[PDB]
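For clarity, chains are labelled A, B, C, D, E and F in written order, and residue numbers in each chain start from 1.
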Amino acid sequence: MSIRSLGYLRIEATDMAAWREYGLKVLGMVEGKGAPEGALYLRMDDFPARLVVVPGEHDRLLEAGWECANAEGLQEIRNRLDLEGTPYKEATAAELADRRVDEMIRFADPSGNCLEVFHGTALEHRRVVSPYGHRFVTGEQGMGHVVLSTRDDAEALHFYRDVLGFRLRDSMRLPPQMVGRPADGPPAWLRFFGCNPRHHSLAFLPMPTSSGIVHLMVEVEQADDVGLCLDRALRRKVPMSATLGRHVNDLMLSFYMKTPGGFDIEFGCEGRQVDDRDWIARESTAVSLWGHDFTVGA
Amino acid sequence: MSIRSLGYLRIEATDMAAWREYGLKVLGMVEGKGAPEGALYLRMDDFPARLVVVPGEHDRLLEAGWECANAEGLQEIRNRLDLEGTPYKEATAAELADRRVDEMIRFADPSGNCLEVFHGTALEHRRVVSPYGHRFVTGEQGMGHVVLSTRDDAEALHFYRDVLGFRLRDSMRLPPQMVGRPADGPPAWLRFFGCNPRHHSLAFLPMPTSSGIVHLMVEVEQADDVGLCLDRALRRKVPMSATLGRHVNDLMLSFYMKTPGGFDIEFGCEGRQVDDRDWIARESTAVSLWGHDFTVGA
Amino acid sequence: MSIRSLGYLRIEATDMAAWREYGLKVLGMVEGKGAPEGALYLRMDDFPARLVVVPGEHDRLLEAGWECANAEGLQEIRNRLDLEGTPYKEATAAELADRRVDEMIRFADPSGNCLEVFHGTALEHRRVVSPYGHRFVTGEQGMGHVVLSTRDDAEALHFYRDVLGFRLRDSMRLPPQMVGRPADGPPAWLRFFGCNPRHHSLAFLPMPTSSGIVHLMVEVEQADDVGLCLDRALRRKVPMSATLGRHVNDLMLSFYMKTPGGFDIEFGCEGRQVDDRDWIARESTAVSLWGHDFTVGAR
Amino acid sequence: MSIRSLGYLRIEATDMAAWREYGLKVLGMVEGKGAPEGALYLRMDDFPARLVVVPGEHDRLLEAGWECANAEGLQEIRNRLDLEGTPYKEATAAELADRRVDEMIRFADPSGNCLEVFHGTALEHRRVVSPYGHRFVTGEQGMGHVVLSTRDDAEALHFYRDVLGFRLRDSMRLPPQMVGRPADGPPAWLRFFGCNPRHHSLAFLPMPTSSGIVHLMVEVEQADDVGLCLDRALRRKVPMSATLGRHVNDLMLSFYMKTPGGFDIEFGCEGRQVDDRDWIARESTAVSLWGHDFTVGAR
Amino acid sequence: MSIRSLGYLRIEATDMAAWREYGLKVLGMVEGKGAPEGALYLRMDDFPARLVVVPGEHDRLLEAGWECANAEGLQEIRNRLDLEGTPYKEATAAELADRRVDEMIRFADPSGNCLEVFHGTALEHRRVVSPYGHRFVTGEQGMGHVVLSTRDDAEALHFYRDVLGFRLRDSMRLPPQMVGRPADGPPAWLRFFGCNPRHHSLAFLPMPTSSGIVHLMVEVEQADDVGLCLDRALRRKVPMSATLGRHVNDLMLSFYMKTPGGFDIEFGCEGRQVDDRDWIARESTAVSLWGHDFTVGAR
Amino acid sequence: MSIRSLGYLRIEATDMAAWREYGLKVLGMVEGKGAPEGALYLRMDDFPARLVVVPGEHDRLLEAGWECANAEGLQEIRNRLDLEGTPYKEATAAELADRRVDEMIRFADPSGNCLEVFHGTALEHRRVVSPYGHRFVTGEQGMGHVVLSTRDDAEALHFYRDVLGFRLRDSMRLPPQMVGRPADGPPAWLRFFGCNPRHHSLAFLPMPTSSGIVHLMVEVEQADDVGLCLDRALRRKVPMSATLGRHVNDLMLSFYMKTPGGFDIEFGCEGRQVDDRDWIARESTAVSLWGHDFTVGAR
């Protein structure tokens, strides 16, 4: 059907205490109920967790989990993966119980970022209330989007578009020097990927990161929610990556800020919806309409 | 096309007089014109009957009738049934006249609840007016939904989803003890089934009942209609199964009450509509958002 | 302009720990700052407090507070009290500071019920977030309504309608023998008054109560918020006074429960709004369309 | 404020069994409770009765009842009757109890047509459910309209517009020779009055009728409700007075039929609503856009 | 209430056959019934006539007719004319019969322009169907607007605004030397007046015209109706005065053409509507946003 | 009627080249025609100028200009100034020609702040097109708002509310010790006034400024227009006074920056609109919901 949205992200961390206070006091997410080691479960809506943090010696991406509509929809991904020759494994009894899904397959892309593709998640039904009064925009758009590293842009395009069936939604070139090529280069390509109306749920920057993550975006309903988060971040001396601005691409009004795992979170609103029957995949030539001053890091 | 909705229910009863007064004074349905033995015909809209009660020595389900769009739509069900090897029979001349349909096939599932699958019903056109002023919600959603018993959940899923072509809309686990397994069990699964936008028209609880029915739901337009029915039920000392509440699943605002056939009726409003192009089949972990206190039986 | 809405309610209480637990875990209101020791401010929205609970020896109503649009709307109420000769005091500096208003007058109706009419309240701006996810319905409808006790319904009709300017919105007759009177001769009236679109902000029953108060109604956005409350209340063993129902007059979908003060709170949604330009004052002949079984049950 | 709408109509009748059968099986109204023996209460909505039928020796109109918003709206009507010197009586205790109102004044217009102006009516709250599935259109438009007979149209214009405050909404001229007058010299006027958005609540024809009444109009929601009525009426052999049509002035889609009192009822839908702030009083020159063939036919 | 709109225009004409042909084949109006011999009634809607053309020796305006809501709205205009001492006559019986109104007063403004203020017009109810498929825009906006000639703009301002109660809606200055005055010293003003939401019903130019009239504007629903008219007019060799354009003040999309009377008709759509509660009277400094090239061309 | 909105602002300036560059390249306003040598007209819409900048020796406010609906709305303001004995002069012929208005009166409030109240302004009709693609929000809300300096807040309250008729829309208390007063005893008030739906057109701070002006606010349609401005301002090295935020009182999403006059301009969107019939004048206790960090930073 087929992948349909970003379901969860599992990350590994060296500072579980900082994650807990950043997730609860800056992001205004809600902590989920146990939660093994722990192991922090961060909640946005009726999913048992969207952001799962497990303790370890590295600050990195473990898995990205991707929701399908049903059993048939997972089978479609299986059939595609076999057609290409991508090795994949069924979740073990213990993995299904842990993620709380009916079926799941595990595999990596050629970079290899690890993927979990699943169907039949459990939901928790008590209202999830942020103490700051914002609601996240999830539903049919899913969790948010993730921008990850790739070792090779053309190879990512192949895997995500041709093998897995994402749609190419947007493309932006990088000057050859920024990816270590001679100024004489081939530019390289940052490509954005859609699986549902959310402009993108996924993108591949062909430059390295230590975590494997460039940014995670989560969306709230209103500008005020973004603005109030900015103030909570500033008050807690969270480092800023980009100033408030509006994207050209997805029309998201957002700021970026460093998380305790070293990568950025984009916290935004007003994200653009895409119909695949109308959409023309083209190249954008700027990141923002205004704002998003990425020089603010240093 | 293919099954499209719940058309009617035929039940057998030991107390025809209690049915008549419950159907007319509590449910505010209208009695249809003859009506063999009798045989009570209960009406909700322009169908000649939705709930047909025939006298006998048991309080049980006889058949569930399922409407298709047309001749081609019934043929599609025939072709599916032959593909699996399910024996089925054409209605006799006398059966077609009795149900008042153009074509119908008779068969049972592996449990075997008996099914009638038909097209080309007659309608009656005089306004059907409840003396209590409510209107039932039928139309493209059909009669309502029925929760029946199954001897085996996985076998029901097969028959209904893979053979007949219902969509899996929702799934809820039962602890192993409640179905007679050791506390060490496999949980068993209550699975909800859709054939049109009505969240579900059918569900299978894998625990026995004497009638074969767990509940029949009928929907009215407004909360007030539900509330007024509650008061009519209480006044007539109808026993309650669950208190007013809201479902997690289908978002139905409803109460359950025992009928004269021993099974419950859920009388509700505000039921959720589902688009199969968007819908993610997931597992719910609670029955209600609030209310629906099922301890009220004893 | 006139009085425009119900602003706040100040009550006295014998169990402060029970009110805090109630206010917070059943009602889902939010604690304000920084009431006197150990008074309790309970918030619904950007009012510094809508329900103020102060320690004492009775469970009783102290004052109902009534909001005016501005200084001139308050003057119009002085002028009306003067025409009648109704005594009123201007608030003291400490009272203004305490209530967080710019002006305020105090008086009592003829049954001794105490009013504070004010304008120019401070507001607090950080979002009030119920742990339970509901939002209250206030704004131009104000905090809700209050049903108080009265000694004489004809004297109250005159004070509230003719002197103060509320509009009579509905009336319901009560049997002469359950007021203490014969079985021939005049009924007693429950009268519902409004000062804004909320069908009623005020009603008066001529029947005696220990606290001064027959009920406080607070309104939430949706049926789900009412059902989730009822469920918290049942879990916390709160005594029920009336089952869920829908009223005939204001079409409120609500249930009633006993508070730590032993008066009811009505917790409801879907309240009907009234335009004075077309509204006909009539007599209702039932409490409910359906439910609201007071048998469960007090009083 | 003023009179705001038509409340009820009380008629006298020679055949009570025929009116009950009519009221119930043709009109699809609902029987109320518990009229005097063997009076008939016919209900459209939550009014205890809108058409009250009492046993007698004639088929005639007894009183038209006119609803005011509240006590002060009734006082405004006293004050207007006093300015003119129009005699009126206050209702007795038994009359108040009988009509289920809080106050009521009785008088007559100069042709002797009797009015009851009231406020504070009781309502009944259990759903009124027509066996035929239609809903009537009442609310702020009230029960409907009535076309009565008048002796002098200029005296009626003054009483109804100038003394009582209805607005003139439309006028239609009638030939001088079908009033009894020459063939040179002045026409007689049919004048349509309103007191709310319903294009008219009241009209007066200067032409004689046995009953006092030219017609009663009641309004249902949709065309289908009108067509289904017409069909019940044809099945019950009710005498038709005018075929289905659409009026020019109120754009009512309606037919006319004879009642057991021998006056017409107009049964219609799609009535036009009027805002007094922009409404121009003019003269219509036809009854209908189409249909309404009175040839079928009375009178 | 006051004058509420422009009702009708009566003009005198030297060529009756040309006006009928124009009225009917260019304007797409419909012939009314049964004007005097051989006067011409031209209809836009249910008014018996909106443009009445009578045989004579000049092409001139006879009277502008102005509609009031009712008898009391007409009295308010008498009262205003009396305060000023402006002479007016009541209409005669034959005049009432002729104009098909219930009351009417005649007077002239200080430049001698003749007004008929009326209420209680007859309407005709069979559908007025333009052979060309357009509908005119009238209703509460009335027949359209008229730009007349004035001797003194300050005297007209006083008569129309202060005595009669139109609102000043816009003003446009005219060069002192094209009024006949020096080159130092005061401009002359074109003033636009309204009595309903139509941006203007009346304007006055202090510049001389043979007919009394600078222009008549009539409004149709859509741009297509304007373009189809222009095309009939070009086919019939009607002299153009101004090409299609959009006005700055009323945002009318219109063209101007010469009539058989030699004054212009403006034929337009999309006229802007005004609410007096927020409308600011200002000065425009151009006729058009675009087009309306009067060079084509008269005058 | 009264004053209806803020019309224009006239300021004096020491650097004219800096204001032109600012006005044009940061604000995205459009240059008007043909101001005196070398005065600067800055346009937002069809007003000939909304911000008029004239060469001088200080950066100061000269006059705020206030628009009335018509001649009679201006008379109502004369009448109010007369009741108080407030001196005002009628404008001279050259002043009328210069301001492009029909009438105008000049006076000063009791702190010496100079007002020009006018009606009958000329408009210019060719589209005003910002090079940056934004549209300003003016119309019935007028040019924006201005926060001026005051010597006494109680005297200003009386002048602006009681004499001139603005409505008090909000109030915010300021610490007694940052006005120069003790630490016991009375706060000073920031008061926000409005004359139309724009939450405020005018506010007064009792704190000293070199220019007369605390800030000018101008409003654009959307958040994107604000963000694109901020970006032009950062590129042009304009000094920031307050970061982007949302106000508590008018829900304006805006940032503040220093102008070439050294007073702030607030550049914002999403301003809340007020209906006087339901608006309650209250006290706010924060500047912002979020952002608006004045630390960045002046003053």
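Worth pointing out:
In the analysis below, a contact is a pair of C-beta atoms (placed from the backbone, for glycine too) under 8 Å apart; a residue touches a chain by one contact, two chains touch by 3 or more.
The chains touching subunit B as well as subunit F are A, C. Computed from the mean C-alpha positions, the centre of subunit B lies at a distance of 70 Å from the centre of subunit E. Our note on geometry: subunit A versus subunit B, Cα centroid distance of 42 Å, whole angstroms. Between subunit C and subunit F the centroid-to-centroid distance comes to 42 Å (mean Cα coordinates, whole Å). Multi-chain contact residues of subunit A (touching two or more other chains) are listed as 228. Chain pairs recorded as touching, per the definition above, are A-B, A-C, A-F, B-C, B-D, C-D, C-F, D-E, E-F.
Interface of subunit B with subunit A (complex): residues 168, 171, 248, 278-286, 289. Partner subunit B is touched in their complex by these residues of subunit D: 127, 129-133, 228.
Every residue of subunit D that touches subunit C in the complex is listed here, in rising order: 4, 67, 69-71, 100, 102, 119-125, 140. Those residues of subunit F whose C-beta lies close enough to touch subunit A in the complex are 223-224, 227-228, 230-231, 244-246, 253, 289-291.
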